[PDB]
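As a starting point, one isolated chain is supplied in structure tokens, in the form deposited in one PDB entry.
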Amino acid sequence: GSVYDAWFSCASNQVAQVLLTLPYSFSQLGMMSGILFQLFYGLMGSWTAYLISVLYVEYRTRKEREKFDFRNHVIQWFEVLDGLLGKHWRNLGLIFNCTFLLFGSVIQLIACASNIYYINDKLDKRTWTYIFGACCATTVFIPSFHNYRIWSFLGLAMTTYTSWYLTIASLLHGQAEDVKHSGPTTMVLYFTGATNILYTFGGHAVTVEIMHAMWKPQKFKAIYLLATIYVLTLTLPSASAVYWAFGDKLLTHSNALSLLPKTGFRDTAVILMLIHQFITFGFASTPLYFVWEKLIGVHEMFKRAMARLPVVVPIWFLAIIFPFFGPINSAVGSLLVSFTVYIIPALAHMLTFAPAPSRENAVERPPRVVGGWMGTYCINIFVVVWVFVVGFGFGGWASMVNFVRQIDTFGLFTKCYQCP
């Protein structure tokens, strides 16, 4: 409803599990490179979210001027792109967005399986993956997740507690005499960490879904920027402290909770993170469930809910076969996020306002602080070029080499991804 709910949603849906793999990224990038990449990608993700908001507002105004009703349904990103640029862009956006959301849900299932292992190690991470895959498949019966605001302003508290626990525990533990702090050793690890940060920031393809619930979506531009600033405040200290403490040992420990000594605070952090990803999975899979039902023609509950199972099976199977907690994030970030969250929105923004009449009669001009249309187009071109050459090319090469390396050394359907 109000702007506060939107801010909470943006701050809680921005980081779910990357808060635990961020120190692993730092162990590959180094302190300076990691900090610079997080800040640069935070700014770039805020910019892309602003572009997505501009496109959503433009589409909504273009439809209201024609007295379109929408029959009270969320205007999904593919619908906006269809109505604003054509059917080919509809297909492109739909495919990329749905694939990224499916892989993100897989990522949350893997994160839950990995996290629970550190409260109860009596069962291998694969058994935990089975159990939590069943628990997540239970979410099919839930129609939607937009209606809930508790799940936002509680998940933000859980993320804040986890980040501050990481920071304080790392600072108190202190680095041992045998610690080592090696910066960039090989470009593969460096670009894997950079791609993990890229995955961390950007919006996670849920911008329009966090925006439809707002009374006045025009303020989302600033709301998401402030939420990103708060998320940076959360992530920078935790990652920096965890790296400063356990430098060069995080390379083989993707999860940051595998290193810290077990205690009541660590158990609380694990429980809160599990409860946070159990809601992030739902908030990321509801969009997939809606599109699945729309394609199969079932969308208009037990009979309808049972029709959502074919969406769970790909998610449940993918988590089991590839439990690679850390490198999966880099792989998805380079292959899917680079297009889903950065390149595709920028290209859509450039094409939508390319025609002169469309640019002149737009709902709102870009801010003069960013140089108006000229500066907006320059920034969009830079974002596209950067996220392509580094996010996709170098990032894709490094992330896929690392993923194949994990497959080589641990195999498929591995019991432990890492239990040193």
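Note that residue numbering begins at 1 and tracks the sequence as displayed. So that the term is clear: the rigid core is the largest set of C-alpha atoms that superpose within 1.5 Å between two forms.
- Modelled in this chain, residue 283 is likewise resolved in all the other entries of the protein that span it on both sides, not missing from even a third of them.
- Among other compared entries that model residues flanking residue 70, a third or more give it no coordinates.
- Missing coordinates between residue 300 and residue 301 amount to 1 to 3 residues of the deposited sequence.
The next section is about a form of this same protein that is not shown, the form deposited in another entry.
- Just one of the listed positions, 80, 260, 343, 205, moves its Cα by at least 2 Å between the shown form and the other one when the rigid core is held fixed, and it is 205.
- The Cα-Cα distance between residue 204 and residue 329 is lengthened by 3 Å or more in the other form relative to the form shown here.
- Pairwise change in the other form: residue 204 and residue 414 C-alpha atoms lie farther apart than in the shown form, at least 3 Å.
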